[PDB]
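Here the sequence shown is numbered in our numbering, starting from 8 and rising by one per residue.
C-beta: ideal position from N, C-alpha, C; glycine also.
Okay, so here's the structure we're looking at.
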Amino acid sequence: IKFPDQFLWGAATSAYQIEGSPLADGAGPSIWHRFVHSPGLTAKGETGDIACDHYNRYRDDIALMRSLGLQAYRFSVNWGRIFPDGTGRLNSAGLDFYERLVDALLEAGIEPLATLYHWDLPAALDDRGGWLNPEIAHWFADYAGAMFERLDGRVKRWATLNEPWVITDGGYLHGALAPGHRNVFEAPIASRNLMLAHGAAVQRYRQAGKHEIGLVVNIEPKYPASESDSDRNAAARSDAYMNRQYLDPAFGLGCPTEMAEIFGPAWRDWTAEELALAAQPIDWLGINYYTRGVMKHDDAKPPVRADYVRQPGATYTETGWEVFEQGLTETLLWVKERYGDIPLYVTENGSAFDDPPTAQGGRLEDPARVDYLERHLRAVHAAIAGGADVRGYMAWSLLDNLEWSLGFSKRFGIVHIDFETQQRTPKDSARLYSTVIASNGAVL
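Here it is, written out as structure tokens:
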């Protein structure tokens, strides 16, 4: 019915997934460039060389965001456009692109939200260890520092990392994402070093910044596939490994015991210095929610030894994700009790359904996506009613984008992208969304 007053309504993107032009104006290549251009590593070999050509069209996209009545825009910064070597020399053409992006955002009345790391680590720092090298903490702060020094007054809500769990589990445990590593020993190393970079960036911001800084995690609730002891233990083990592995350190609760249990010899406790530098007090927290997981035990999938079980009669999306809006409510209230009264922004939520390649008549009819949006907005409202102090909502995504190694076949946008012509077309999802913003949910 009605959301809190001054609730921030926006949409979310990420640098590599929309920008394209990965090497223009002296930008250093990222791990995702090397990844998508080596054969065999992605579904159809689709790259982000063009994506949505957003790099050249940010003015048209910002005008479109004004047309849709958006109040916030959540984007990420391509580190390689800032420091082509990841360290040292700073090419200010890319830095200027980001500063102009924020300028145009702010002169259309839109509050810019910046993700400093959203998976596109420069290849130069991969060459020097990537997220295996602990010097990454320093390399992150110097990156973050520069960004603050340029736009901290205008960008006023910063996030350090986007979904560290997807970063590690896909990039370092199963090699499904850049930089394609498959090693049980590496995943916890990269997890710790990600959190250390996070803490170092928060400290750098506290010395240099005046506004807000936080972190973005994905959360996927867990349910046992049966009431077997092994299915139940698998569900709790996935829940710890996925939901708690990163929020507990950030909030100074150490790391879950299931890290040790799951990884065995591959695990080591963090030192009190590591934990101390990770647990830096932050201003806000961003939660990315899409679905729940109903977990079954599978000895064949170590180290976690859990697998997903499809629910019969349940609805799934083009990514195999169950429509389970109740988990969003559960997630937000859970975050509240476990971690405190920190303000919460839903930094990602949405769905992917089978849309045609182009729009006819200037319309793109996506009733399933509209339905998902309604259910989950009501779920957010139910959470806020239950005491959850949520201050914003970011629909993933603003535009149909690349979606990493799954390629352009999976469309998350409320605005349709005709990828052959870069034609923007607001879907029915987007029109309902702007009705939601102008009424602040009353239409629901």
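Own chain, CB closer than 7 Å to residue i, minus 5 neighbours either side, in chain order
i	result
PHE360	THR324, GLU325, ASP373, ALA375 and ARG376
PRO263	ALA247, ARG251, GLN252 and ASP255
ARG418	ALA359, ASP362 and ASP407
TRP146	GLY93, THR94 and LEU132
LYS9	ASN447, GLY448 and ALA449
Among the options, nearest to residue i - alpha-carbon criterion
i	options	result
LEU77	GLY152, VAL422, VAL316 and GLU26	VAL422
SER21	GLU427, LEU405, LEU413 and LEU439	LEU405
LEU371	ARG317, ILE349, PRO350 and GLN430	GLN430
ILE220	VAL162, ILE8, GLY399 and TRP16	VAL162
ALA215	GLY152, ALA273 and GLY369	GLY152
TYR297	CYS262, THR322 and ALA437	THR322
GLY271	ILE117, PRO186 and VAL311	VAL311
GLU281	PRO319, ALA242, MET202 and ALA313	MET202
residue 4	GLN24, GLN367 and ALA243	It is not possible to answer for residue 4, since the shown part of the chain is limited to 8 through 451.
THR338	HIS61, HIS388, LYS303 and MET72	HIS388
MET249	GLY300, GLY261 and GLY259	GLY300
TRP86	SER74, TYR150 and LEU139	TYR150
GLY93	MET72, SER37 and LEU439	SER37
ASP276	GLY55, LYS343, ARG213 and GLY261	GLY261
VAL109	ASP133, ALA286 and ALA79	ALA79
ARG438	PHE426, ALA232 and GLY420	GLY420
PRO119	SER28, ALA18 and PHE90	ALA18
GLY182	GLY47, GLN367 and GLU53	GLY47
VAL330	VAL342, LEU340, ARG317 and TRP341	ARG317
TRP328	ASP159, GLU344 and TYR379	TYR379
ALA313	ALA395, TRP146, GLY368 and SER237	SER237
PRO141	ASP435, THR428, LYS303 and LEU284	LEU284
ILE289	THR278, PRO186, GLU53 and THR167	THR167
Cβ-Cβ separation, residue j to residue i (assumed contact under 8 Å), whole Å
i	j	result
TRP172	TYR230	Going by Cβ atoms, the distance from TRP172 to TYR230 rounds to 18 Å, so no, they are not a contact pair.
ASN98	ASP32	7 Å
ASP176	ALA204	Not confirmed; about 17 Å, so no contact.
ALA115	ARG88	Rounded, the Cβ-Cβ distance is 22 Å, inconsistent with contact.
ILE69	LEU112	6 Å
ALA50	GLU26	20 Å between Cβ atoms; not a contact.
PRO129	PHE90	7 Å
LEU340	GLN24	Actually they are not in contact, since the Cβ atoms of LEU340 and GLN24 sit about 30 Å apart, beyond 8 Å.
Nonlocal neighbours in the same chain, by C-beta distance under 6 Å from residue i, ignoring five residues either side
i	result
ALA148	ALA207, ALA208 and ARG211
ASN169	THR122, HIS125 and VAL223
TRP165	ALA121 and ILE220
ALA267	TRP274
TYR179	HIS188, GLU193, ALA194 and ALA197
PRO433	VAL422
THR365	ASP425
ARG382	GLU332
Same chain only: Cβ atoms within 8 Å of residue i, ignoring 5 sequence neighbours per side
i	result
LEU384	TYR400, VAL443, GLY448 and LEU451
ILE117	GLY17, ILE69, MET72, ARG73, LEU77, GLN78, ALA79 and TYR80
Exercise for the section: List in chain order: all unbroken alpha helix (DSSP H) runs of 4+ residues lying wholly within the segment 272-337. Expected result: DSSP runs (the alpha helix (DSSP H)) wholly in the segment 272-337: 279-285.
Practice task
Tell me, please, whether the segment 322-342 touches the segment 219-230 by the rule of three or more beta-carbon pairs shorter than 8 Å.
Solution key: Three or more pairs of CB atoms, one per stretch, sit closer than 8 Å, so the segment 322-342 contacts the segment 219-230.
Practice task
Count the C-beta pairs between the segment 303-312 and the segment 346-362 that are closer than 8 Å, then say yes if the count reaches three, no if not.
Solution key: The segment 303-312 vs the segment 346-362: no contact.
Exercise for the section: For the segment 48-124, list the beta strand (DSSP E) runs that are entirely contained and at least 3 residues long, ordered along the chain. Expected result: You should have 79-83 and 118-124.
Exercise for the section: For the segment 195-227, list the beta strand (DSSP E) runs that are entirely contained and at least 3 residues long, ordered along the chain. Expected result: Within the segment 195-227, the complete beta strand (DSSP E) runs of at least 3 residues are 219-225.
Practice task
Check whether the segment 90-109 touches the segment 43-59, counting contact only when three or more Cβ pairs, one atom from each stretch, lie closer than 8 Å.
Solution key: Taking a contact to require three or more Cβ pairs closer than 8 Å, the segment 90-109 and the segment 43-59 do not qualify as touching.
Problem - Contained beta strand (DSSP E) runs [length at least 3] in the segment 117-175, N- to C-terminal order - result: Within the segment 117-175, the complete beta strand (DSSP E) segments of 3 residues or longer fall at 118-124 and 164-169, listed in chain order.
Handout entry: Runs of beta strand (DSSP E) wholly within the segment 413-443 (minimum 3 residues, chain order)
Key = Within the segment 413-443, the complete beta strand (DSSP E) runs of at least 3 residues are 422-425 and 430-433.
Problem - Sufficient close CB pairs (3 or more, under 8 Å) joining the segment 274-294 to the segment 346-356 - result: Per the Cβ contact rule, the segment 274-294 is in contact with the segment 346-356 (3 or more Cβ pairs under 8 Å).
Exercise for the section: Decide yes or no for the touch test of the segment 61-79 against the segment 125-139: beta carbon pairs closer than 8 Å, at least 3 of them. Expected result: Touching, no, given that fewer than three Cβ pairs across the two stretches are closer than 8 Å.
Handout entry: Whole beta strand (DSSP E) elements within the segment 334-406, 3-residue minimum
Key = Runs found: 351-356 and 397-403.
Practice task
Identify every run of the beta strand (DSSP E) within the segment 220-264, keeping only runs that are complete inside it and at least 3 residues long; order them along the chain.
Solution key: Runs found: 229-231.
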